[PDB]
Amino acid sequence: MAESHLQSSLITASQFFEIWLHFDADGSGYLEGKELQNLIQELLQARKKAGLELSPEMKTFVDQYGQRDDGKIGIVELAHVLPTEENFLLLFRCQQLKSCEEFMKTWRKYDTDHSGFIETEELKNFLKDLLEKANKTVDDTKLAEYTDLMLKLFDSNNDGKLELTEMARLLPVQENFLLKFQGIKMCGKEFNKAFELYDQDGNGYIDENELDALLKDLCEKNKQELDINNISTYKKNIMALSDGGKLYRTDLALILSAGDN
């Protein structure tokens, strides 16, 4: 399989994911630790095997990441090491067109009434908006291949819908909260409980201040991931799923749930 897809095609990011899953051991949804050197070694193998040199990004991926033992990557760093789909990647570059959080403000923009996760026809419309912004057109082999892998690799209940952490695995893991938040996971159950606790006004809604309270709670719960030097930063973050400074709990149900709702 690796032998094949690595040295073949214009790997879309579903098949990319297959190759990735071929060494995404932990299933972190991020190429974790030593499995990167495991990747990297199969990559450089596929390379020297099929007689393809390990191109300076892939070769540097071994030279700079072949020792990223305590490392972790999203689809982002590998998507241009394994040359996935460079033009399709432009929308993937929209997850990194500024930040890992402000694009999330974009992601809920299309959805219906902001359900917190885009549905099928709605994510099948998500790309259309993106198509109007990539300054290209994002061709059929970009739009569908890409819309589909988002909608699949992180379909949270196999409903044909889209929640964050695929687009957020395709998000730049820099100032994101999206990987810390996969391990931070309360549980969708205490998630529901805590949200009711964050709803201390009894409004049935939460605004970005109680969001920092969401995090004062969380940090003091999972300080190995959520740290007080960025806690009002995580407030900055989740704030971007919610609507108008005022968080409806529909869109802040995937950050801290677990990767579900």
# chains A, B, ... in the order shown; residues from 1 in each chain; ligands from 1
$ closest_atom_pairs --of "segment 130-218 of chain A" --to "segment 65-88 of chain A" --cutoff "6 Å" --atoms "only C-alpha atoms" --output "tab-separated table"
residue	atom	partner	partner_atom	distance
A:142	CA	A:88	CA	4.4
A:169	CA	A:74	CA	5.2
A:170	CA	A:75	CA	5.1
$ write_last_selection --atoms "C-alpha atoms" --output "CSV table (one decimal), in the first residue's frame"
chain,number,residue,atom,x,y,z
A,142,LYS,CA,-10.2,19.5,-5.5
A,169,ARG,CA,-6.4,18.0,11.5
A,170,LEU,CA,-5.9,19.9,8.3
$ residues_around --residues "residue 110 of chain A" --least-positions-apart "2" --cutoff "9 Å" --atoms "only C-alpha atoms" --output "list in words"
residues 106, 107, 108, 112, 113, 114, 118, 122, 123, 125, 126 and 129 of chain A
$ closest_residue --among "A:53, A:220, A:111, A:227" --to "residue 251 of chain A" --atoms "only C-alpha atoms"
A:111
$ select_by_dssp --residues "segment 16-189 of chain A" --states "alpha helix (DSSP H)" --output "PyMOL selection string"
chain A and resi 16-21+35-50+58-65+75-78+89-92+102-107+120-131+140-153+164-167+180-183+188-189
$ write_last_selection --atoms "C-alpha atoms" --output "mmCIF file, in the first residue's frame"
data_model
loop_
_atom_site.group_PDB
_atom_site.id
_atom_site.type_symbol
_atom_site.label_atom_id
_atom_site.label_comp_id
_atom_site.auth_asym_id
_atom_site.auth_seq_id
_atom_site.Cartn_x
_atom_site.Cartn_y
_atom_site.Cartn_z
ATOM 1 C CA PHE A 16 -3.313 10.227 1.903
ATOM 2 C CA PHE A 17 -5.110 9.381 5.124
ATOM 3 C CA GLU A 18 -4.904 5.705 4.298
ATOM 4 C CA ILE A 19 -1.091 5.993 3.944
ATOM 5 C CA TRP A 20 -1.141 8.055 7.093
ATOM 6 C CA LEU A 21 -3.234 5.554 8.940
ATOM 7 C CA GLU A 35 5.496 6.653 14.012
ATOM 8 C CA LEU A 36 6.791 9.545 12.129
ATOM 9 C CA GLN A 37 10.167 8.001 11.923
ATOM 10 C CA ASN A 38 8.211 4.896 10.993
ATOM 11 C CA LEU A 39 6.492 6.893 8.331
ATOM 12 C CA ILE A 40 9.598 8.728 7.245
ATOM 13 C CA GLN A 41 11.397 5.391 6.949
ATOM 14 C CA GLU A 42 8.678 3.825 4.810
ATOM 15 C CA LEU A 43 8.552 7.026 2.890
ATOM 16 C CA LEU A 44 12.203 7.108 2.196
ATOM 17 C CA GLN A 45 11.984 3.435 1.504
ATOM 18 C CA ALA A 46 9.141 3.940 -1.044
ATOM 19 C CA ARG A 47 11.265 6.513 -2.461
ATOM 20 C CA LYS A 48 14.499 4.615 -2.901
ATOM 21 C CA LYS A 49 12.520 1.507 -3.701
ATOM 22 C CA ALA A 50 10.341 2.784 -6.554
ATOM 23 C CA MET A 58 10.609 14.611 1.969
ATOM 24 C CA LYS A 59 14.354 14.293 2.355
ATOM 25 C CA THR A 60 14.138 17.193 4.758
ATOM 26 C CA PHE A 61 11.133 15.584 6.328
ATOM 27 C CA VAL A 62 13.548 12.762 7.166
ATOM 28 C CA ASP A 63 16.389 15.191 7.958
ATOM 29 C CA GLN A 64 14.286 17.542 10.102
ATOM 30 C CA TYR A 65 11.412 15.297 11.193
ATOM 31 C CA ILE A 75 -2.174 16.335 7.784
ATOM 32 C CA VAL A 76 -0.732 19.792 7.119
ATOM 33 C CA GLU A 77 2.984 19.096 7.220
ATOM 34 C CA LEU A 78 2.751 15.772 5.519
ATOM 35 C CA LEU A 89 -4.359 22.310 -0.775
ATOM 36 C CA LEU A 90 -5.196 26.006 -1.323
ATOM 37 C CA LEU A 91 -8.349 25.600 0.758
ATOM 38 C CA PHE A 92 -6.312 23.561 3.138
ATOM 39 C CA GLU A 102 -10.092 32.576 12.741
ATOM 40 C CA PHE A 103 -10.731 30.192 9.862
ATOM 41 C CA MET A 104 -13.094 28.479 12.279
ATOM 42 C CA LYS A 105 -15.110 31.709 12.274
ATOM 43 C CA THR A 106 -15.334 31.059 8.586
ATOM 44 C CA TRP A 107 -16.244 27.394 8.985
ATOM 45 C CA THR A 120 -23.891 17.219 4.071
ATOM 46 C CA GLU A 121 -25.445 19.678 1.649
ATOM 47 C CA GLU A 122 -24.125 22.492 3.772
ATOM 48 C CA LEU A 123 -20.473 21.232 3.741
ATOM 49 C CA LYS A 124 -21.127 20.388 0.119
ATOM 50 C CA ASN A 125 -21.725 24.170 -0.013
ATOM 51 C CA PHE A 126 -18.757 25.012 2.397
ATOM 52 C CA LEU A 127 -16.337 24.391 -0.417
ATOM 53 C CA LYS A 128 -18.365 26.599 -2.774
ATOM 54 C CA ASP A 129 -17.700 29.612 -0.539
ATOM 55 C CA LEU A 130 -14.051 28.561 -0.375
ATOM 56 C CA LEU A 131 -14.049 28.214 -4.150
ATOM 57 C CA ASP A 140 -13.948 19.192 -9.163
ATOM 58 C CA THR A 141 -10.968 16.999 -8.294
ATOM 59 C CA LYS A 142 -10.155 19.474 -5.505
ATOM 60 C CA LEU A 143 -13.559 20.353 -4.225
ATOM 61 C CA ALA A 144 -15.134 16.931 -4.058
ATOM 62 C CA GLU A 145 -12.039 14.979 -3.103
ATOM 63 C CA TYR A 146 -11.429 17.516 -0.356
ATOM 64 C CA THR A 147 -15.040 18.088 0.760
ATOM 65 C CA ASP A 148 -15.374 14.398 1.060
ATOM 66 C CA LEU A 149 -12.252 13.665 3.120
ATOM 67 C CA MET A 150 -13.251 16.366 5.619
ATOM 68 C CA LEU A 151 -16.684 14.881 5.826
ATOM 69 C CA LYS A 152 -15.317 11.355 6.279
ATOM 70 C CA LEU A 153 -12.114 11.212 8.322
ATOM 71 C CA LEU A 164 -13.796 20.532 13.395
ATOM 72 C CA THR A 165 -10.912 18.102 13.800
ATOM 73 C CA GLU A 166 -10.570 16.947 10.253
ATOM 74 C CA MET A 167 -10.492 20.425 8.910
ATOM 75 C CA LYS A 180 -4.606 19.931 23.116
ATOM 76 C CA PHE A 181 -8.349 19.799 23.028
ATOM 77 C CA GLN A 182 -8.395 16.215 21.709
ATOM 78 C CA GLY A 183 -6.553 15.088 24.805
ATOM 79 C CA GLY A 188 -19.376 14.585 25.702
ATOM 80 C CA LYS A 189 -21.311 13.784 28.888
#
$ residues_around --residues "residue 195 of chain A" --least-positions-apart "6" --cutoff "12 Å" --atoms "only C-alpha atoms" --output "VMD selection string"
chain A and resid 186 to 189 201 to 207 210 to 211 213 to 215 217 to 218 247 to 253 256 to 257
$ write_last_selection --atoms "C-alpha atoms" --output "PDB file, in the first residue's frame"
ATOM      1  CA  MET A 186     -13.871  15.974  29.240  1.00  0.00           C
ATOM      2  CA  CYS A 187     -16.275  13.540  27.671  1.00  0.00           C
ATOM      3  CA  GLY A 188     -19.376  14.585  25.702  1.00  0.00           C
ATOM      4  CA  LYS A 189     -21.311  13.784  28.888  1.00  0.00           C
ATOM      5  CA  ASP A 201     -26.992  33.031  33.944  1.00  0.00           C
ATOM      6  CA  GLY A 202     -29.637  30.462  33.169  1.00  0.00           C
ATOM      7  CA  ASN A 203     -29.961  31.860  29.708  1.00  0.00           C
ATOM      8  CA  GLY A 204     -29.222  28.629  27.940  1.00  0.00           C
ATOM      9  CA  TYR A 205     -26.469  30.458  26.153  1.00  0.00           C
ATOM     10  CA  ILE A 206     -22.916  31.400  27.027  1.00  0.00           C
ATOM     11  CA  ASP A 207     -20.830  34.468  26.156  1.00  0.00           C
ATOM     12  CA  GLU A 210     -17.887  32.486  30.797  1.00  0.00           C
ATOM     13  CA  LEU A 211     -15.857  30.896  28.024  1.00  0.00           C
ATOM     14  CA  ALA A 213     -14.481  30.339  32.843  1.00  0.00           C
ATOM     15  CA  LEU A 214     -14.920  27.243  30.578  1.00  0.00           C
ATOM     16  CA  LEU A 215     -11.199  27.314  30.445  1.00  0.00           C
ATOM     17  CA  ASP A 217     -12.324  25.145  34.626  1.00  0.00           C
ATOM     18  CA  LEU A 218     -10.514  23.196  31.892  1.00  0.00           C
ATOM     19  CA  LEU A 247     -21.567  31.215  22.282  1.00  0.00           C
ATOM     20  CA  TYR A 248     -24.454  28.955  21.506  1.00  0.00           C
ATOM     21  CA  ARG A 249     -23.749  25.677  22.645  1.00  0.00           C
ATOM     22  CA  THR A 250     -23.819  23.841  19.379  1.00  0.00           C
ATOM     23  CA  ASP A 251     -20.496  25.010  18.065  1.00  0.00           C
ATOM     24  CA  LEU A 252     -18.604  24.710  21.315  1.00  0.00           C
ATOM     25  CA  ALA A 253     -19.368  21.008  21.535  1.00  0.00           C
ATOM     26  CA  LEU A 256     -13.925  20.013  24.474  1.00  0.00           C
ATOM     27  CA  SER A 257     -16.299  17.087  23.900  1.00  0.00           C
TER      28      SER A 257
END
$ closest_residue --among "A:184, A:258, A:236, A:192" --to "residue 223 of chain A" --atoms "only C-alpha atoms"
A:184
$ residues_around --residues "residue 175 of chain A" --least-positions-apart "3" --cutoff "9 Å" --atoms "only C-alpha atoms" --output "PyMOL selection string"
chain A and resi 99-101+172+178
$ closest_residue --among "A:1, A:11, A:156, A:97" --to "residue 23 of chain A" --atoms "only C-alpha atoms"
A:1
$ atom_distance --atom1 "atom CA of residue 260 of chain A" --atom2 "atom CA of residue 157 of chain A"
7.4 Å
$ select_by_dssp --residues "segment 26-232 of chain A" --states "strand (DSSP E or B)" --output "MDAnalysis selection string"
chainID A and resid 31:32 72:73 80 83 118 162 206:207
